[PDB]
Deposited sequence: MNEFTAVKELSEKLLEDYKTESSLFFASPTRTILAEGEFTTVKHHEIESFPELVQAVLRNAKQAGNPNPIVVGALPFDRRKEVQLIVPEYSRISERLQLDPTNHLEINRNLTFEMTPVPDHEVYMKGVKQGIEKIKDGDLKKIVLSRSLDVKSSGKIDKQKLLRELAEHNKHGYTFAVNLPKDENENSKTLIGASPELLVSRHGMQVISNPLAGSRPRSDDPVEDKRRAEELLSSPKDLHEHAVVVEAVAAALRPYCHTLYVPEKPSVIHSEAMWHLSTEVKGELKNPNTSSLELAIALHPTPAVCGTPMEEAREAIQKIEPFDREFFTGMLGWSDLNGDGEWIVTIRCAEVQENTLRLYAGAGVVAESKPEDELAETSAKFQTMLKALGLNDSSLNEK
């Protein structure tokens, strides 16, 4: 059935979302709700979901994507219907025109600006990113793109979400993120911050060497620890007790090794929805920095493009408050014949411009491989 759901994905589906706990296909937009203030959005969403129940939807969910920038308007959709199966089980089965935005040198310049700002003590952490515009000579087949991603993403979250357009052709957010922002199942809360990276190698000896190096890198370990501390501080008020592992683990996608910690807690209040928790966490320092509003102003000033939905959050939440929200990375906006791909790299005082550029390239591979351009 799960593979049926992947086969049934159309550009009028509102969400495909393949996680390790399930696969969801949501069709249509029965209700869309937009709101000016992220902080008061969870209560509006619950009111909309209650209405949906009482108007005769037996399992109302919201699905969609929220932007990187918390100050922007937010929006989610209650679909007409949704199907929910077990997780996906799969055996692997033109001119393109590239325009980097910005070019490699302007990106590196921006990286020097971030370093400087930290060396003056204005910021502790900064993640700087860049994008890549791809024009195809044919119309991109979203459903095939989605399948390529799913087949090559055993452990993360494969997704497609319909996004706000003008009435232009449909705009879809598509990708394969390794990173859970938060989930809620019953009263159990889990968040999985990822911070620290090395690219995979096809040489199995080198591949393992890089996992070991990441796992013993003082700069990466310390920086990971700081991201974990911030996730734990944001979840602590909502929970009885928090379990925060003393040691990170190494996880992988096909393209990258990542340091990873699963932070787990039991809620105090059964009405605290997964959405509320996602909003309490968003954006984590892994995609933004510390202090967030300062890292964000630095980010907004240095980056010559709008991240829009990249490094935002996306997922679903139900009437009981259960849900899953992922950090939106290893992804692309797809519209007709064009895509915008995105990638970013954590920057610190010690950082080196070329290495950071190299890291963004290694991170682009998830999407480029799905397009046959790796």
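- For this chain, the deposited residues without C-alpha positions form the stretches 1-9, 103-110, 185, 393-399, given in sequence order.
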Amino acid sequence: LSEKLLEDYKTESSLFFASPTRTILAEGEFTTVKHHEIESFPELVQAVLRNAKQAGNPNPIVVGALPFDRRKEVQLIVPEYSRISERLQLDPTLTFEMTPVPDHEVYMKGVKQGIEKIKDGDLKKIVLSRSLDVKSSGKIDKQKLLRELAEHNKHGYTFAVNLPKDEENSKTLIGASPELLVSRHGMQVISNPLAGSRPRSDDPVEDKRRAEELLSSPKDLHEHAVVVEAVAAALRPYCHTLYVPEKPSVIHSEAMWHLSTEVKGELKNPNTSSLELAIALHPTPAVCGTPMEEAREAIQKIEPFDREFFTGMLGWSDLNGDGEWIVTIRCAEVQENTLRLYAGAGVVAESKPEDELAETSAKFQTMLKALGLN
From here on, numbers count along this sequence of modelled residues.
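- Of the two stretches examined, 267-275 and 139-147, the record assigns the greater average C-alpha temperature factor to 139-147.
- Higher average CA B factor: 123-131, of the stretches 234-242 and 123-131.
- Of the candidates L94, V226, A211, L194, the deposited coordinates give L94 the top C-alpha B factor.
- Ranking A47, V327, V62, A55 by the C-alpha B-factor listed in the PDB entry places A55 at the top.
- Ranked within its chain, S317 lands in the lowest third, by CA B factor from the PDB record.
- Sorting the modelled residues of the chain by their CA temperature factor places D203 in the middle third.
- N169 sits in the highest third of its chain by CA B factor, as recorded in the PDB entry.
- Among the modelled residues of its chain, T158 has a C-alpha B-factor that falls in the lowest third according to the deposited record.
- Per the deposited record, the Cα B-factor of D69 falls in the lowest third when ranked against the other modelled residues of its chain.
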